[PDB]
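A look at the structure
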Amino acid sequence: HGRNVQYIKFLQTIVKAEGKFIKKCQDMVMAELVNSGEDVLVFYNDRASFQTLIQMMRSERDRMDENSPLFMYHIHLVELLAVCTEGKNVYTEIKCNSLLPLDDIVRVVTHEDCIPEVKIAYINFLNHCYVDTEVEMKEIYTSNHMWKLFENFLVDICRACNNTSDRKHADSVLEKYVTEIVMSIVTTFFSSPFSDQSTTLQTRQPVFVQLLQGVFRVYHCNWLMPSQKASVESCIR
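Residues numbered from 1 in each chain as written, not as in the entry; some residues may be left out. Part of a larger assembly, values for the part shown. Heavy atoms only, no water. Residues with missing side-chain atoms left out of burial classes, pairs and counts.

Method of structure determination, per the deposited record: cryo-EM was used for this entry, reaching 2.96 Å resolution.

Have a look at this one:
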């Protein structure tokens, strides 16, 4: 019938209630995505997804007529497969990594021009596979490979951090980007340099800059408090 951007926001409403996430429904919606095969896939490899997304957001704003192009806004509302096993509802994460984006090899491919809109949902997939809370298999590539994304996107966060009272999605991106910081502490193994010369300067000084912008923001104080803890928690890492 066609992949509807208007429709695909249903797939989290029926399964995922607020607060509570049941295990059986997630199991029976995970297997059908692999079984059907021709669902709304995020794989729009580098030649395709680059020029579509940069022209979708920059040329038109305010949702671009409810962001219903059928090719670029489809990924945005495809969070079901990204938040399918986000918190702890991961009966089998191998399927989500093999049949779906790995979150450490396919994420980088589209990272040439970082799009915060994709990152929020795509970053949630990184949280989905990285670790539910502990069960993720200990893979050096999962953490060592993902330890360079922050540096690549750290400049982007800093670049938009200096802009004050000029955007609305910055708070959401900062609020949505702090969720990963609150997850498992940064690794301190042979890899994952453990706040070395190139891993501490860009992880502590820049963090305060984002915290300073949030403190100066006129938004609610509910989200401002977590930012200080996020930087504080990272500092004590």
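Attention now moves to the overall build of the protein chain. Scanning the protein chain from N- to C-terminus turns up 13 helices and zero strands. Mapped from its N terminus to its C terminus, the protein chain presents α and β elements in the order α-α-α-α-α-α-α-α-α-α-α-α-α. A separation of at least 24 residues holds for 74% of the contacts in the protein chain among residues at least 6 apart in sequence. (Helix = DSSP H or I, 4+ residues; strand = E, 2+ residues; numbered from the N terminus. Contact = heavy atoms within 4.5 Å.)

A word on the environment of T52. Relative to the elements of secondary structure, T52 occurs in helix α2 (residues 47-59). With 21 residues separating them in the primary sequence, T52 and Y73 have C-alpha atoms 9.6 Å apart. A polar contact of 3.2 Å, which involves the side chain of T52, links it to the backbone oxygen of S49. (Polar contact = N/O pair within 3.5 Å; in protein donor to acceptor, adjacent residues only side chain to side chain.)

This paragraph deals with unusual backbone geometry. A positive phi is found at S165, a non-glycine position, where the angle reads about 55 degrees. On the secondary structure map, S165 appears in the loop between α10 (149-161) and α11 (169-181).

Turning to the side chain of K16, a few remarks are in order. Mapped onto the elements, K16 comes out in the segment before α1 (23-36). Ignoring any residue separated from it by four or fewer positions in sequence, one finds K16 in contact with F21, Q26, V83, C84 and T85.

Once that is clear, we can look at the side chain of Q26. With respect to the helices and strands, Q26 occurs in helix α1. Reaching out from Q26, the side chain makes a polar contact with the side chain of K16 at a distance of 2.6 Å.

We now examine the environment of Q26. Separated by 137 residues in sequence, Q26 and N163 place their C-alpha atoms 40 Å apart. Setting aside its immediate chain neighbours within four residues, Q26 contacts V15, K16, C84, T85 and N89.

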